[PDB]
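One structure is given here, and the rest of the page talks about it.
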Amino acid sequence: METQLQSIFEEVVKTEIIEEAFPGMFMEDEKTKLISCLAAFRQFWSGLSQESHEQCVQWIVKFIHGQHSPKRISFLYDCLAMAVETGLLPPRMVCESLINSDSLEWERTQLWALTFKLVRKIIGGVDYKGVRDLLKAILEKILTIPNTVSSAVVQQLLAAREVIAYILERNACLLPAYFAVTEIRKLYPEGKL
Amino acid sequence: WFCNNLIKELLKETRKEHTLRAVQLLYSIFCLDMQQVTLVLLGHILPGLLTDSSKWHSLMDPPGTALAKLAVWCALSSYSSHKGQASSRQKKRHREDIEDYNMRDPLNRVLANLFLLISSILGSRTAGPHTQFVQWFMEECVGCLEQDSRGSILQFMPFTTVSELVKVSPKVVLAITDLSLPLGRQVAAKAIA
Amino acid sequence: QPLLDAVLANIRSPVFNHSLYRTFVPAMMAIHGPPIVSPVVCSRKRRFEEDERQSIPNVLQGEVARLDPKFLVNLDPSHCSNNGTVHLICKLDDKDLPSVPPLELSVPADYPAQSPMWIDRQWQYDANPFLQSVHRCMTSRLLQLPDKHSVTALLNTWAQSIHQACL
């Protein structure tokens with residue numbers, strides 16, 4: 001079952017072929033082909049035991065981080081955002097499966113920045129009180145970075161600080177920020193710098 | 001050792017209001033010895049705080065911002081050519097030192113040394129704390145009734161350092177038009193970018 | 001077949017290494033008689049200093065050397081000391097119509113990735129009708145390159161798309 005979706009997405013996403021770079025007279029994919037593949041996968045996983053949507057999204061987010069392909073990654077992120085827009089892939093599930101085991105700080109820094117920019121495109125992450133594990137994992141992925149990384153990757157990694165700033169600022173009107181205080185216990189044991 | 005132990009005691013707070021009150025009373029307790037204590041403290045600790053490796057571990061705290069605020073306050077206060085003759089310090093301050101490197105003066109030279117260290121702290125490819133520290137220091141230095149940023153018409157690095165920091169909007173407008181010289185054209189162009 | 005010496009040298013685990021000397025060196029020095037078998041003099045302090053301390057990732061330098069005179073890259077206010085190491089401004093000066101230069105900020109020059117940055121997409125491409133068509137086909141073509149390379153591959157793809165959508 002999962003291999004069927006795997007092959008379908010591989011035929012959809014990895015539709016590129018080494019084709020004699022010399023120019024042919026032949027001459028959108030990011031607007032029509034992406035939507036067609038999204039709708040096909042939508043019908044599939046809607047008729048493919050949606051109970052396993054967690055494992056499906058895990059497979060998808062794993063495959064996304066496989067291609068180095070900075071520009072191709074950004075296109076897949078827009079595809080995933082549009083698939084969120086159609087009422088599919090609830091935000092809590094997709095972000096909880098995207099943050100863990102896939103952010104990979106310093107492994108794919110460009111993918112880190114693009115992932116957190118996608119999360120910022122869904123910065124609201126409109127859901128129930130289940131934003132707790134998201135914030136906890138974000139703080140964990142932030143703290144697993146020492147204080148002497150570099151001075152060339154600062155803004156590329158600052159997407160984490162941007163997301164946290166949006167969360168805390170909107171917490172005046174988005175969610176009970178006392179829940180954020182009780183969720184950030186991991187960083188402050190009554191004050192530890 | 002006085003200022004060193006005071007800073008060591010200050011860098012153990014881990015609370016915003018604590019650090020704010022701490023620096024607010026430190027600026028006062030430094031009185032009656034403004035020039036000498038200011039010069040010594042700045043030109044000794046701030047380099048040692050920004051040049052070592054264990055010193056970086058202590059400045060990553062929010063106390064860092066309060067320390068930068070205290071430093072710029074002492075600098076701006078000591079720049080004023082007031083008497084400040086204490087009762088028992090007017091005599092015990094009869095010493096000699098070339099300071100081991102406008103005009104040639106101890107405070108005048110100590111400020112230039114600090115500005116040069118600031119510009120070198122924008123030395124990229126490795127920094128986590130002491131880029132954040134200088135960013136907080138410049139933001140605190142952004143204030144009215146400012147007499148720092150010495151600004152001689154010839155070659156002074158402070159505006160080159162300002163352009164470098166801008167590379168790293170009203171902050172550029174701070175040292176925008178100081179001498180009204182073609183030097184201001186440089187920062188103007190860099191702000192236009 | 002004569003595995004005796006092999007098994008004995010394998011059995012000789014202990015740290016003390018003087019039995020082999022006293023056992024073999026006499027015979028060799030008797031038969032072979034070199035007072036200085038290696039009379040060359042060797043006194044070496046090998047490493048004095050090896051660093052230019054001004055080099056950006058050399059792999060990128062190779063590509064900037066291999067570039068055609070039509071292309072020309074530079075550096076903007078640079079968050080590119082050693083890690084990003086690039087976000088350039090490449091103007092495709094050529095015979096055909098010019099365009100707007102992209103950023104193309106690439107990863108470490110080992111290149112388990114590609115460049116594409118797409119920063120000035122917002123105002124530059126929407127403003128013009130021709131520039132709007134330039135972006136269209138060029139995105140689809142860049143979504144085809146398998147593991148594109150920073151300077152040569154991406155720059156040539158950009159130029160080809162710019163002069164192909166020109167029609």
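Every chain in the structure tokens takes a letter, A first, then B, and so on in the order presented; its residues are numbered from 1, and the ligands are numbered from 1 following the presented order.
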I need the contact residues of chain A against chain C, so if you could list those with any atom within 9 Å, counting only C-alpha atoms, and return them as a PDB file with N, CA and C atoms, in the first residue's frame, that would help.
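And here's part19.pdb as it stands now:
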ATOM      1  N   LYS A  14       9.708  13.067  -9.005  1.00  0.00           N
ATOM      2  CA  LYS A  14      10.920  12.809  -9.782  1.00  0.00           C
ATOM      3  C   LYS A  14      10.522  12.507 -11.224  1.00  0.00           C
ATOM      4  N   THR A  15       9.947  13.517 -11.876  1.00  0.00           N
ATOM      5  CA  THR A  15       9.594  13.425 -13.285  1.00  0.00           C
ATOM      6  C   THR A  15      10.694  13.926 -14.209  1.00  0.00           C
ATOM      7  N   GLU A  16      11.873  14.232 -13.673  1.00  0.00           N
ATOM      8  CA  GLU A  16      12.964  14.740 -14.492  1.00  0.00           C
ATOM      9  C   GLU A  16      13.754  13.595 -15.110  1.00  0.00           C
ATOM     10  N   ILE A  17      14.331  13.853 -16.281  1.00  0.00           N
ATOM     11  CA  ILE A  17      15.128  12.868 -16.996  1.00  0.00           C
ATOM     12  C   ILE A  17      16.298  13.549 -17.689  1.00  0.00           C
ATOM     13  N   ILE A  18      17.451  12.884 -17.660  1.00  0.00           N
ATOM     14  CA  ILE A  18      18.641  13.337 -18.367  1.00  0.00           C
ATOM     15  C   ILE A  18      18.369  13.262 -19.860  1.00  0.00           C
ATOM     16  N   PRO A  23      19.979  22.173 -26.836  1.00  0.00           N
ATOM     17  CA  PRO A  23      18.606  22.694 -26.890  1.00  0.00           C
ATOM     18  C   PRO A  23      17.784  22.082 -28.016  1.00  0.00           C
ATOM     19  N   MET A  25      13.828  22.427 -29.932  1.00  0.00           N
ATOM     20  CA  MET A  25      12.949  23.547 -30.253  1.00  0.00           C
ATOM     21  C   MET A  25      11.695  23.544 -29.389  1.00  0.00           C
ATOM     22  N   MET A  27       9.295  23.770 -25.976  1.00  0.00           N
ATOM     23  CA  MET A  27       9.224  24.727 -24.881  1.00  0.00           C
ATOM     24  C   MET A  27       8.728  24.058 -23.604  1.00  0.00           C
ATOM     25  N   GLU A  28       1.150  25.624 -15.820  1.00  0.00           N
ATOM     26  CA  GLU A  28       2.569  25.357 -15.614  1.00  0.00           C
ATOM     27  C   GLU A  28       2.770  24.128 -14.736  1.00  0.00           C
ATOM     28  N   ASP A  29       3.989  23.585 -14.757  1.00  0.00           N
ATOM     29  CA  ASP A  29       4.293  22.403 -13.958  1.00  0.00           C
ATOM     30  C   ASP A  29       4.090  22.682 -12.473  1.00  0.00           C
ATOM     31  N   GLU A  30       4.550  23.842 -12.013  1.00  0.00           N
ATOM     32  CA  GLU A  30       4.378  24.247 -10.626  1.00  0.00           C
ATOM     33  C   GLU A  30       2.973  24.754 -10.331  1.00  0.00           C
ATOM     34  N   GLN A  67      16.037  14.421  -1.534  1.00  0.00           N
ATOM     35  CA  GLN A  67      16.580  15.189  -2.650  1.00  0.00           C
ATOM     36  C   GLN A  67      17.276  16.424  -2.099  1.00  0.00           C
ATOM     37  N   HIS A  68      18.556  16.592  -2.431  1.00  0.00           N
ATOM     38  CA  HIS A  68      19.268  17.793  -2.007  1.00  0.00           C
ATOM     39  C   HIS A  68      18.628  19.035  -2.611  1.00  0.00           C
ATOM     40  N   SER A  69      18.748  19.193  -3.930  1.00  0.00           N
ATOM     41  CA  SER A  69      17.800  19.935  -4.755  1.00  0.00           C
ATOM     42  C   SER A  69      17.129  21.130  -4.067  1.00  0.00           C
ATOM     43  N   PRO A  70      17.893  22.169  -3.716  1.00  0.00           N
ATOM     44  CA  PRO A  70      17.298  23.292  -2.967  1.00  0.00           C
ATOM     45  C   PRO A  70      16.069  23.883  -3.631  1.00  0.00           C
ATOM     46  N   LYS A  71      16.128  24.155  -4.933  1.00  0.00           N
ATOM     47  CA  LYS A  71      14.967  24.661  -5.649  1.00  0.00           C
ATOM     48  C   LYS A  71      13.845  23.640  -5.752  1.00  0.00           C
ATOM     49  N   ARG A  72      14.172  22.364  -5.954  1.00  0.00           N
ATOM     50  CA  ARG A  72      13.138  21.338  -6.024  1.00  0.00           C
ATOM     51  C   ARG A  72      12.506  21.108  -4.656  1.00  0.00           C
ATOM     52  N   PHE A  75       9.845  23.834  -4.182  1.00  0.00           N
ATOM     53  CA  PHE A  75       8.628  23.547  -4.933  1.00  0.00           C
ATOM     54  C   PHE A  75       7.782  22.497  -4.225  1.00  0.00           C
ATOM     55  N   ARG A 108      21.323  19.619   6.442  1.00  0.00           N
ATOM     56  CA  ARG A 108      20.819  20.336   5.274  1.00  0.00           C
ATOM     57  C   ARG A 108      20.352  21.702   5.769  1.00  0.00           C
ATOM     58  N   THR A 109      21.286  22.654   5.850  1.00  0.00           N
ATOM     59  CA  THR A 109      20.954  23.971   6.387  1.00  0.00           C
ATOM     60  C   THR A 109      19.976  24.706   5.482  1.00  0.00           C
ATOM     61  N   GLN A 110      20.156  24.591   4.166  1.00  0.00           N
ATOM     62  CA  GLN A 110      19.179  25.156   3.242  1.00  0.00           C
ATOM     63  C   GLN A 110      17.811  24.519   3.448  1.00  0.00           C
ATOM     64  N   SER A 150      29.142  29.412  13.419  1.00  0.00           N
ATOM     65  CA  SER A 150      29.787  30.180  12.361  1.00  0.00           C
ATOM     66  C   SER A 150      29.231  31.595  12.426  1.00  0.00           C
ATOM     67  N   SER A 151      29.733  32.450  11.540  1.00  0.00           N
ATOM     68  CA  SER A 151      29.175  33.778  11.339  1.00  0.00           C
ATOM     69  C   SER A 151      28.680  33.982   9.916  1.00  0.00           C
ATOM     70  N   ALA A 152      28.615  32.914   9.122  1.00  0.00           N
ATOM     71  CA  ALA A 152      28.049  32.969   7.784  1.00  0.00           C
ATOM     72  C   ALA A 152      26.654  32.376   7.699  1.00  0.00           C
ATOM     73  N   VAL A 153      26.320  31.425   8.563  1.00  0.00           N
ATOM     74  CA  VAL A 153      24.969  30.882   8.656  1.00  0.00           C
ATOM     75  C   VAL A 153      24.386  31.427   9.954  1.00  0.00           C
ATOM     76  N   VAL A 154      23.741  32.586   9.862  1.00  0.00           N
ATOM     77  CA  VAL A 154      23.093  33.212  11.007  1.00  0.00           C
ATOM     78  C   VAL A 154      21.646  33.478  10.631  1.00  0.00           C
ATOM     79  N   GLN A 155      21.443  34.203   9.530  1.00  0.00           N
ATOM     80  CA  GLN A 155      20.087  34.463   9.061  1.00  0.00           C
ATOM     81  C   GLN A 155      19.435  33.204   8.511  1.00  0.00           C
TER      82      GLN A 155
END
For region 63-66 of chain C, find every residue with an atom within 10 Å (counting only C-alpha atoms), except residues of its own chain fewer than 5 positions away, and show them as a ChimeraX atom specification.
/C:58,71-74,149-153
Given the choices B:72, B:188, B:67, B:173, which gets closest to residue 13 (chain B) if the distance is worked out from only C-alpha atoms?
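Closest residue, counting only C-alpha atoms: B:67.
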Could you please tell me, as a ChimeraX atom specification, which residues of chain B have an atom within 8 Å of chain A when using only C-alpha atoms?
/B:14-15,60-62,124-129
Output the contact residues of chain B with respect to chain C at a cut-off of 10 Å, based on only C-alpha atoms, as a PDB file with N, CA and C atoms, in the first residue's frame.
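Saved to iface29.pdb:
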ATOM      1  N   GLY B 123      34.392  40.334  12.764  1.00  0.00           N
ATOM      2  CA  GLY B 123      35.214  39.404  12.021  1.00  0.00           C
ATOM      3  C   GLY B 123      34.516  38.067  11.918  1.00  0.00           C
ATOM      4  N   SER B 124      34.057  37.748  10.714  1.00  0.00           N
ATOM      5  CA  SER B 124      33.101  36.670  10.508  1.00  0.00           C
ATOM      6  C   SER B 124      33.726  35.282  10.573  1.00  0.00           C
ATOM      7  N   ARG B 125      32.942  34.288  10.150  1.00  0.00           N
ATOM      8  CA  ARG B 125      33.301  32.880  10.006  1.00  0.00           C
ATOM      9  C   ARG B 125      33.344  32.123  11.329  1.00  0.00           C
ATOM     10  N   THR B 126      33.282  32.827  12.458  1.00  0.00           N
ATOM     11  CA  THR B 126      33.060  32.167  13.739  1.00  0.00           C
ATOM     12  C   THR B 126      32.685  33.209  14.781  1.00  0.00           C
ATOM     13  N   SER B 163      29.074  50.558   8.474  1.00  0.00           N
ATOM     14  CA  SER B 163      28.704  49.931   7.209  1.00  0.00           C
ATOM     15  C   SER B 163      28.802  48.413   7.302  1.00  0.00           C
ATOM     16  N   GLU B 164      29.854  47.909   7.952  1.00  0.00           N
ATOM     17  CA  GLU B 164      30.002  46.465   8.108  1.00  0.00           C
ATOM     18  C   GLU B 164      28.866  45.878   8.935  1.00  0.00           C
ATOM     19  N   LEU B 165      28.467  46.572  10.004  1.00  0.00           N
ATOM     20  CA  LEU B 165      27.372  46.088  10.838  1.00  0.00           C
ATOM     21  C   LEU B 165      26.051  46.127  10.085  1.00  0.00           C
ATOM     22  N   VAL B 166      25.846  47.163   9.268  1.00  0.00           N
ATOM     23  CA  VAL B 166      24.658  47.215   8.423  1.00  0.00           C
ATOM     24  C   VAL B 166      24.655  46.045   7.451  1.00  0.00           C
ATOM     25  N   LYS B 167      25.836  45.666   6.956  1.00  0.00           N
ATOM     26  CA  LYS B 167      25.934  44.466   6.134  1.00  0.00           C
ATOM     27  C   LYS B 167      25.555  43.225   6.931  1.00  0.00           C
ATOM     28  N   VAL B 168      25.846  43.224   8.228  1.00  0.00           N
ATOM     29  CA  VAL B 168      25.491  42.106   9.090  1.00  0.00           C
ATOM     30  C   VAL B 168      24.070  42.279   9.609  1.00  0.00           C
ATOM     31  N   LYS B 190      25.145  53.075   1.675  1.00  0.00           N
ATOM     32  CA  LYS B 190      24.956  51.743   2.245  1.00  0.00           C
ATOM     33  C   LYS B 190      23.550  51.580   2.805  1.00  0.00           C
ATOM     34  N   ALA B 193      21.168  50.801   0.006  1.00  0.00           N
ATOM     35  CA  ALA B 193      21.191  49.403  -0.401  1.00  0.00           C
ATOM     36  C   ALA B 193      20.276  48.563   0.483  1.00  0.00           C
TER      37      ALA B 193
END
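As for CA of residue 31 (chain C) and CA of residue 9 (chain C), they are spaced 23.0 Å apart.
Taking CA of residue 115 (chain B) and CA of residue 158 (chain B) as endpoints, the distance between them is 6.5 Å.
Taking CA of residue 100 (chain C) and CA of residue 123 (chain C) as the two end points, the separation is 10.8 Å.
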Enumerate as a compact mmCIF listing (two decimals) with N, CA, C and O atoms, in the first residue's frame all residues of region 72-191 of chain B assigned to helix (DSSP H, G or I) by DSSP on the backbone, naming them with the chain letters and numbers the document uses.
# COMPACT_ATOMS: atom_id res chain seq x y z
N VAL B 72 28.16 51.40 27.79
CA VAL B 72 27.95 52.61 26.99
C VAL B 72 27.57 53.78 27.89
O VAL B 72 27.93 54.93 27.62
N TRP B 73 26.87 53.51 29.00
CA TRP B 73 26.56 54.58 29.94
C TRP B 73 27.83 55.15 30.56
O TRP B 73 28.01 56.37 30.60
N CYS B 74 28.71 54.28 31.06
CA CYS B 74 29.97 54.77 31.62
C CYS B 74 30.79 55.51 30.58
O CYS B 74 31.42 56.53 30.88
N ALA B 75 30.80 55.01 29.34
CA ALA B 75 31.56 55.69 28.29
C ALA B 75 31.03 57.09 28.05
O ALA B 75 31.80 58.07 28.05
N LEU B 76 29.72 57.22 27.85
CA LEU B 76 29.14 58.53 27.58
C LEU B 76 29.31 59.47 28.77
O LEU B 76 29.48 60.68 28.58
N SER B 77 29.27 58.94 29.99
CA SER B 77 29.42 59.80 31.16
C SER B 77 30.87 60.27 31.32
O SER B 77 31.12 61.43 31.64
N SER B 78 31.83 59.37 31.08
CA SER B 78 33.23 59.73 31.20
C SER B 78 33.71 60.61 30.06
O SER B 78 34.71 61.31 30.21
N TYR B 79 33.01 60.59 28.92
CA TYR B 79 33.40 61.48 27.82
C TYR B 79 33.26 62.94 28.21
O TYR B 79 34.01 63.79 27.73
N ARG B 89 40.19 60.16 46.55
CA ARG B 89 40.73 59.62 45.31
C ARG B 89 41.53 60.64 44.51
O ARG B 89 42.28 60.24 43.61
N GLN B 90 41.41 61.93 44.82
CA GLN B 90 42.17 62.94 44.09
C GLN B 90 43.67 62.80 44.32
O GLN B 90 44.46 63.33 43.52
N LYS B 91 44.08 62.10 45.38
CA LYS B 91 45.49 61.92 45.71
C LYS B 91 46.01 60.54 45.33
O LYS B 91 47.10 60.42 44.76
N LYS B 92 45.26 59.48 45.65
CA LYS B 92 45.70 58.12 45.35
C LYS B 92 45.66 57.80 43.86
O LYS B 92 46.07 56.70 43.47
N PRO B 106 44.04 59.17 27.59
CA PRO B 106 43.72 57.79 27.99
C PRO B 106 42.31 57.36 27.60
O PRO B 106 42.14 56.33 26.95
N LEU B 107 41.30 58.14 27.99
CA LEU B 107 39.93 57.80 27.62
C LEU B 107 39.73 57.88 26.11
O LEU B 107 39.05 57.03 25.52
N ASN B 108 40.33 58.89 25.48
CA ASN B 108 40.24 59.04 24.03
C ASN B 108 40.82 57.83 23.31
O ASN B 108 40.26 57.35 22.31
N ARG B 109 41.94 57.31 23.81
CA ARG B 109 42.55 56.12 23.23
C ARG B 109 41.80 54.85 23.60
O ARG B 109 41.70 53.93 22.78
N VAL B 110 41.27 54.78 24.82
CA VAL B 110 40.53 53.59 25.25
C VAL B 110 39.27 53.42 24.41
O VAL B 110 38.87 52.30 24.07
N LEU B 111 38.62 54.54 24.07
CA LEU B 111 37.41 54.46 23.25
C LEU B 111 37.75 54.01 21.84
O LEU B 111 37.01 53.21 21.24
N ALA B 112 38.85 54.50 21.28
CA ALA B 112 39.27 54.06 19.95
C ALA B 112 39.62 52.58 19.95
O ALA B 112 39.30 51.86 19.00
N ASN B 113 40.28 52.12 21.01
CA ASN B 113 40.58 50.69 21.13
C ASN B 113 39.30 49.87 21.18
O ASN B 113 39.21 48.81 20.55
N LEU B 114 38.31 50.34 21.93
CA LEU B 114 37.05 49.61 22.02
C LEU B 114 36.34 49.58 20.67
O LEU B 114 35.76 48.56 20.29
N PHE B 115 36.37 50.70 19.94
CA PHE B 115 35.75 50.72 18.61
C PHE B 115 36.47 49.78 17.65
O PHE B 115 35.83 49.11 16.84
N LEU B 116 37.80 49.72 17.74
CA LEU B 116 38.54 48.80 16.88
C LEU B 116 38.22 47.36 17.23
O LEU B 116 38.06 46.51 16.33
N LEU B 117 38.10 47.05 18.52
CA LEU B 117 37.69 45.71 18.93
C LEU B 117 36.28 45.40 18.46
O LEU B 117 35.98 44.25 18.10
N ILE B 118 35.39 46.40 18.46
CA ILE B 118 34.04 46.20 17.95
C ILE B 118 34.07 45.85 16.47
O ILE B 118 33.42 44.91 16.02
N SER B 119 34.85 46.61 15.69
CA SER B 119 34.95 46.35 14.26
C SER B 119 35.55 44.97 14.00
O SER B 119 35.13 44.27 13.07
N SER B 120 36.53 44.57 14.80
CA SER B 120 37.14 43.26 14.62
C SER B 120 36.20 42.15 15.08
O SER B 120 36.31 41.01 14.62
N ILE B 121 35.28 42.47 15.99
CA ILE B 121 34.33 41.47 16.47
C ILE B 121 33.31 41.16 15.38
O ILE B 121 32.60 40.15 15.43
N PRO B 129 28.15 34.14 20.49
CA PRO B 129 27.83 35.16 21.50
C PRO B 129 28.23 36.57 21.10
O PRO B 129 27.42 37.50 21.16
N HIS B 130 29.49 36.73 20.70
CA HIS B 130 30.07 38.07 20.63
C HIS B 130 29.74 38.78 19.33
O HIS B 130 30.26 39.86 19.06
N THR B 131 28.90 38.17 18.49
CA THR B 131 28.16 38.94 17.48
C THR B 131 26.87 39.46 18.11
O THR B 131 26.50 40.62 17.91
N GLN B 132 26.18 38.61 18.86
CA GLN B 132 24.99 39.04 19.58
C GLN B 132 25.32 40.13 20.58
O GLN B 132 24.55 41.09 20.75
N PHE B 133 26.46 40.02 21.25
CA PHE B 133 26.85 41.02 22.23
C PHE B 133 27.07 42.38 21.57
O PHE B 133 26.59 43.40 22.07
N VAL B 134 27.80 42.41 20.46
CA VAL B 134 28.04 43.67 19.77
C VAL B 134 26.75 44.20 19.14
O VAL B 134 26.56 45.42 19.05
N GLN B 135 25.85 43.31 18.71
CA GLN B 135 24.57 43.77 18.20
C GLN B 135 23.76 44.46 19.29
O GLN B 135 23.15 45.51 19.05
N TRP B 136 23.76 43.89 20.50
CA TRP B 136 23.08 44.55 21.61
C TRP B 136 23.78 45.85 21.98
O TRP B 136 23.13 46.85 22.31
N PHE B 137 25.12 45.87 21.91
CA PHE B 137 25.86 47.06 22.28
C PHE B 137 25.58 48.21 21.33
O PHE B 137 25.39 49.35 21.76
N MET B 138 25.54 47.93 20.02
CA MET B 138 25.23 48.98 19.05
C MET B 138 23.81 49.49 19.23
O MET B 138 23.55 50.70 19.16
N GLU B 139 22.86 48.58 19.47
CA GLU B 139 21.48 48.98 19.68
C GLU B 139 21.36 49.87 20.92
O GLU B 139 20.61 50.85 20.91
N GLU B 140 22.09 49.54 21.98
CA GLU B 140 22.07 50.39 23.17
C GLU B 140 22.75 51.72 22.91
O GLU B 140 22.35 52.76 23.44
N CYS B 141 23.80 51.71 22.08
CA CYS B 141 24.47 52.96 21.72
C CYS B 141 23.59 53.83 20.84
O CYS B 141 23.82 55.04 20.73
N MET B 157 37.65 54.51 11.60
CA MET B 157 36.96 53.26 11.31
C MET B 157 35.50 53.20 11.77
O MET B 157 34.73 52.44 11.16
N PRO B 158 35.06 53.91 12.83
CA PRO B 158 33.66 53.75 13.28
C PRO B 158 32.61 53.73 12.18
O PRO B 158 31.65 52.96 12.29
N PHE B 159 32.75 54.53 11.12
CA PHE B 159 31.71 54.48 10.08
C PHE B 159 31.93 53.32 9.12
O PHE B 159 30.96 52.76 8.59
N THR B 160 33.18 52.92 8.89
CA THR B 160 33.41 51.67 8.18
C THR B 160 32.84 50.50 8.96
O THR B 160 32.22 49.59 8.39
N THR B 161 33.01 50.51 10.28
CA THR B 161 32.41 49.48 11.12
C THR B 161 30.89 49.56 11.09
O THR B 161 30.21 48.53 11.17
N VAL B 162 30.34 50.76 10.96
CA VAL B 162 28.89 50.91 10.88
C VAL B 162 28.37 50.31 9.58
O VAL B 162 27.34 49.62 9.56
N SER B 163 29.07 50.56 8.47
CA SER B 163 28.70 49.93 7.21
C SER B 163 28.80 48.41 7.30
O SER B 163 27.93 47.69 6.80
N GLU B 164 29.85 47.91 7.95
CA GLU B 164 30.00 46.47 8.11
C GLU B 164 28.87 45.88 8.94
O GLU B 164 28.35 44.80 8.62
N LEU B 165 28.47 46.57 10.00
CA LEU B 165 27.37 46.09 10.84
C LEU B 165 26.05 46.13 10.08
O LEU B 165 25.21 45.23 10.24
N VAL B 166 25.85 47.16 9.27
CA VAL B 166 24.66 47.22 8.42
C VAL B 166 24.65 46.04 7.45
O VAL B 166 23.60 45.48 7.14
N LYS B 167 25.84 45.67 6.96
CA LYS B 167 25.93 44.47 6.13
C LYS B 167 25.56 43.23 6.93
O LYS B 167 25.00 42.27 6.38
N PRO B 170 17.09 52.74 11.01
CA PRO B 170 17.54 53.91 11.78
C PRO B 170 18.91 53.74 12.40
O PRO B 170 19.56 54.74 12.72
N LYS B 171 19.37 52.50 12.58
CA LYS B 171 20.72 52.28 13.10
C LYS B 171 21.77 52.87 12.17
O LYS B 171 22.75 53.46 12.63
N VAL B 172 21.58 52.73 10.86
CA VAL B 172 22.49 53.36 9.91
C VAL B 172 22.31 54.87 9.94
O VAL B 172 23.23 55.63 9.63
N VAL B 173 21.11 55.33 10.30
CA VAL B 173 20.85 56.76 10.35
C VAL B 173 21.47 57.38 11.60
O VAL B 173 21.51 58.61 11.75
N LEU B 174 21.96 56.54 12.52
CA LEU B 174 22.57 57.06 13.74
C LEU B 174 23.83 57.85 13.43
O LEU B 174 23.93 59.03 13.78
N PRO B 182 31.81 64.10 3.08
CA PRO B 182 31.58 62.97 2.16
C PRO B 182 31.59 61.61 2.84
O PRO B 182 31.16 60.62 2.24
N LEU B 183 32.09 61.55 4.07
CA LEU B 183 31.98 60.32 4.85
C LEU B 183 30.51 59.93 5.03
O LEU B 183 30.16 58.74 4.99
N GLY B 184 29.64 60.92 5.22
CA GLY B 184 28.22 60.63 5.34
C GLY B 184 27.63 60.06 4.06
O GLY B 184 26.64 59.34 4.09
N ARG B 185 28.24 60.39 2.92
CA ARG B 185 27.77 59.84 1.65
C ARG B 185 27.92 58.33 1.62
O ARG B 185 27.09 57.63 1.04
N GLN B 186 28.97 57.81 2.25
CA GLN B 186 29.19 56.37 2.27
C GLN B 186 28.06 55.65 3.01
O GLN B 186 27.44 54.73 2.47
N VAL B 187 27.79 56.07 4.25
CA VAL B 187 26.72 55.44 5.02
C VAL B 187 25.37 55.69 4.36
O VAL B 187 24.47 54.85 4.42
N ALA B 188 25.22 56.83 3.69
CA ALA B 188 24.00 57.09 2.94
C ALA B 188 23.80 56.05 1.84
O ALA B 188 22.72 55.48 1.69
N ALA B 189 24.86 55.79 1.06
CA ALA B 189 24.77 54.80 -0.01
C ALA B 189 24.50 53.41 0.56
O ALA B 189 23.71 52.64 0.00
N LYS B 190 25.15 53.07 1.68
CA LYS B 190 24.96 51.74 2.24
C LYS B 190 23.55 51.58 2.81
O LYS B 190 22.99 50.48 2.79
N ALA B 191 22.96 52.67 3.30
CA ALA B 191 21.57 52.62 3.74
C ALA B 191 20.63 52.53 2.55
O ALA B 191 19.54 51.96 2.64
With a distance cut-off of 9 Å and only C-alpha atoms, select the neighbouring residues of residue 158 (chain C), excluding the residue or stretch itself and same-chain residues fewer than 4 positions from it, and output the selection as a PDB file with C-alpha atoms, in the first residue's frame.
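Written output follows (around17.pdb):
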ATOM      1  CA  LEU C  92      24.296  37.786 -17.998  1.00  0.00           C
ATOM      2  CA  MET C 138      13.053  28.852 -16.419  1.00  0.00           C
ATOM      3  CA  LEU C 142      15.385  24.225 -13.228  1.00  0.00           C
ATOM      4  CA  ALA C 153      25.361  24.577 -14.573  1.00  0.00           C
ATOM      5  CA  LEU C 154      22.876  27.008 -13.020  1.00  0.00           C
ATOM      6  CA  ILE C 162      16.541  33.679 -20.884  1.00  0.00           C
ATOM      7  CA  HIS C 163      17.447  33.369 -24.562  1.00  0.00           C
TER       8      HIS C 163
END
